[PDB]
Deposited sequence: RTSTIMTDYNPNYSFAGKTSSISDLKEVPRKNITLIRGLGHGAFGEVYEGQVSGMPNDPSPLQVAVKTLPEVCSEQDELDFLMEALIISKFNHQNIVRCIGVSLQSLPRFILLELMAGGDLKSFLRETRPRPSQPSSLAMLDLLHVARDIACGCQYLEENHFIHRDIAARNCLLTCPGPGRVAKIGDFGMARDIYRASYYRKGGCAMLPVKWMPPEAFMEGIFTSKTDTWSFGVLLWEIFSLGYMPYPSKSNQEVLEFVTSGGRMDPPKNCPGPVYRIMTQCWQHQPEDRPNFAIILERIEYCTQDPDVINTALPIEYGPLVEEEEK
């Protein structure tokens, strides 16, 4: 893994707060990830390591906790502690009651105001802010997507944060990847930029699958030939232009996350943008 060597040399297991297993109670499944409680109270999410695992999974498990623990930013999910001295091993994580962003967008689509344009911009700003922090600390996420963004709560005042559920040829998330990534296996900060562009499309489409009527191979050929997605329905021009900038063919021509963040912020300052109405579905279609 491209992150393990640096994290291992610059972060210690002693930095991880071991919580006695007796003080951890699992409450309910969430998706393995459980809602748990630490007392004897703190509300947490709990990732488990299956007892039947390799010594590589043992490493992967430890490294997840070490890598998360190296970060300190409001738009990046926290590692609360661990319980590695008991089986099955636990990682204690910031509980995000809002759930994943993709599910949130789909379930909160305006149906005959659940969401407004400014709400989408704030989510995009939140994630862009976290990505800038990651970039500034030379961390390449490699799987920026709505499925890996979490929300603190559903109502107003919600905060979006970057995480990684770790789900990542047939397995490559091609629809979120720039050409140099799915052709050459090159990953940089500018490949995260491309992915963020796709995430923006997910947000303002209100949770649609990217390249809606296309398979992965069709997207592969589409993108390599210069093809790009159309704007989501009712998407403001200034927002779409951020997307198309993120999708410049050469990484040198893509903006960094400082610039992306500035441009998102400019959009929130534009009444014509934030007063734009999101589309409404109508059941019978």
What stretches of this chain's deposited sequence are missing C-alpha coordinates?
-> 1-9, 41-45, 55-60, 133-135, 192-204, 322-327
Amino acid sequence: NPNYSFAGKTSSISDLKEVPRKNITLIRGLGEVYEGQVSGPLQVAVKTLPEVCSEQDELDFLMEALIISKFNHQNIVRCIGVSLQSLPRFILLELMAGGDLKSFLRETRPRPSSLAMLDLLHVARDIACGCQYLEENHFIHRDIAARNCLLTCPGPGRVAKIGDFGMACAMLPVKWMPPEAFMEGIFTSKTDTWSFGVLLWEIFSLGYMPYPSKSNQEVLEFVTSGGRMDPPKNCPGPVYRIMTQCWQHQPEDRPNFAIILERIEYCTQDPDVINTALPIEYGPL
From here on, numbers count along this sequence of modelled residues.
Other entries lacking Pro232, at least a third | no
Counting only other entries that model residues on either side of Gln56, is it left out in at least a third?
-> yes
Mean CA B-factor: is it higher for 182-190 or for 102-110?
-> 102-110
Between 148-156 and 89-97, point out the one with the higher average CA B-factor as the PDB entry records it.
-> 148-156
Between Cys235, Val52, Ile259, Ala65, which carries the biggest CA temperature factor in the record?
-> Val52
Which one of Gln248, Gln56, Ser69, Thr224 shows the top CA temperature factor in the record?
-> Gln56
Going by what the PDB entry lists, where does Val46 fall on CA B-factor within its chain: lowest, middle or highest third?
-> lowest
Looking at the C-alpha B-factor of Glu32, is it in the lowest, middle or highest third of its chain?
-> highest
Going by the recorded CA B-factors, say which third of the chain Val123 sits in, lowest, middle or highest.
-> lowest
Assigned third (lowest, middle, highest) for the C-alpha B factor of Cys169 | highest
The third of the chain into which the C-alpha temperature factor of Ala277 falls is the highest
